[PDB]
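Below you will find one chain, with nothing else, as structure tokens; this is the form deposited in one PDB entry, and questions on how it binds or moves follow later.
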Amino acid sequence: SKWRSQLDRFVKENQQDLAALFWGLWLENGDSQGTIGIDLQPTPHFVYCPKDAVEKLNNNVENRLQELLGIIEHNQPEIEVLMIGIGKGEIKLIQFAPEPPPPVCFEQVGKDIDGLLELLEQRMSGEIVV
């Protein structure tokens, strides 16, 4: 269960870059691909999670995050970032309203999603271990 607090600390230290990536992917995909996931195995990597898979997977003892589907539906990508981390099937909800908001974060980092994916995934490696 320690990976949860490792993921928590990583998010805390990387909110602006995660917001830039969140917003960049929002621009390209909106919600058509589902929810941005961080699958932690075999090493942490960004994925998309269709709403079915989230419900299927929140339908599990270790999870059962109350109203998760509504939280995912009601997230406002212009002001707040939402992702889900996944370690051996258990969800940790990632949600934060950064400063500046995600679209400004995107403009201020000045990186495309490919650049942010590689930078963030390198940073995760060996920092979050399941």
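Basically, rigid core = biggest C-alpha set you can superpose within 1.5 Å across the two forms. Heads up: residue numbers just count along the shown sequence, starting at 1.
The next section is about a form of this same protein that is not shown, the form deposited with a partner chain bound.
When contacts are judged by a 4.5 Å heavy atom cut-off, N59 does not count as touching the partner chain in the deposited bound form. Taking non-hydrogen atoms only, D39 approaches the partner chain to within 4.5 angstroms in the deposited bound form. Though the partner is left out of this view, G30 does not reach within 4.5 Å of the partner chain in the deposited bound form, counting heavy atoms only. Among heavy atoms of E107, none comes within 4.5 Å of the partner chain in the deposited bound form. Shift analysis on the rigid core between this form and the one not shown singles out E62 from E78, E73, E62, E99 (C-alpha displacement of 2 Å or more).
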